[PDB]
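K.L.:
Okay, handing you the structure first.
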Amino acid sequence: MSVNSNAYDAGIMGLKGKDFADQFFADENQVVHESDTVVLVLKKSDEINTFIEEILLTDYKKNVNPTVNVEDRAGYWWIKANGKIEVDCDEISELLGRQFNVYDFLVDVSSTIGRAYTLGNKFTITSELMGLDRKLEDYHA
């Protein structure tokens, strides 16, 4: 009837504190087998923070692609996309140093998987190339 309860520090070191939760769900890092996904990681600084918000949600949300999904891991942002992605030159560069360049991105950062080619004002990074082996997908003897 009169069951008093005041915290659980007497058992928190065993109840919820001892349930081996660091061995239930892993996925800390899986292996990828021959994938044509568009990947590229950029340092998480006051630079990426803003530009990323714009660049992606501005163009990729308003009109560009529903993919270009970001993933926050240890500290840097994980920008992954399906098929191909393309960054505009004017949004980020504006906040990342107005009148900046285009190849600034994917030049030599943490990593940027995908072929980047710029044209006028807007660079596109591909990671598929339409499949280098579309007709040679298989060849034996």
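K.L.:
Report yes if some residue within the stretch 132-140 is exposed (fewer than 12 other Cβ atoms within 10 Å of the Cβ), at positive phi and assigned to a loop (DSSP other than H, G, I, E, B); otherwise report no.
P.N.:
Looking for residues that are exposed (fewer than 12 other Cβ atoms within 10 Å of the Cβ), at positive phi and assigned to a loop (DSSP other than H, G, I, E, B), one finds none in the stretch 132-140, hence no.
K.L.:
Additional query: Mind listing whichever residues of the stretch 108-141 are among the β-branched types (V, I, T) and over 17 Å from the mean Cα position of the chain (by Cα)?
P.N.:
First pass over the stretch 108-141, keeping only residues among the β-branched types (V, I, T): 109, 112-113, 118, 124-126.
Selection gives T118 alone.
K.L.:
To continue, here is another question. Taking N65 as the residue in question, decide whether it is closer than 20 Å to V109 by Cβ and of a type outside the set (V, I, T).
P.N.:
On the way: closer than 20 Å to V109 by Cβ: no; of a type outside the set (V, I, T): yes.
When the stated conditions are applied, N65 does not pass them.
K.L.:
Name the strands (runs of 3 or more DSSP E) wholly within the stretch 20-125 that hold at least 2 residues that are without any contact (Cβ under 8 Å) to a residue 60 or more places away in the chain and surrounded by 11 or more Cβ atoms within 10 Å (Cβ to Cβ)? Full working, then the answer.
P.N.:
Values: elements: 38-42, 69-72, 77-81, 84-87, 115-118.
Counting at least 2 such residues, we get 69-72, 77-81, 84-87, 115-118.
Quick reminder, even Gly has a Cβ in these numbers, built from the backbone with ideal geometry, and neighbours come from all protein chains shown. Throughout, read-outs are computed from the coordinates displayed, never taken from laboratory work.
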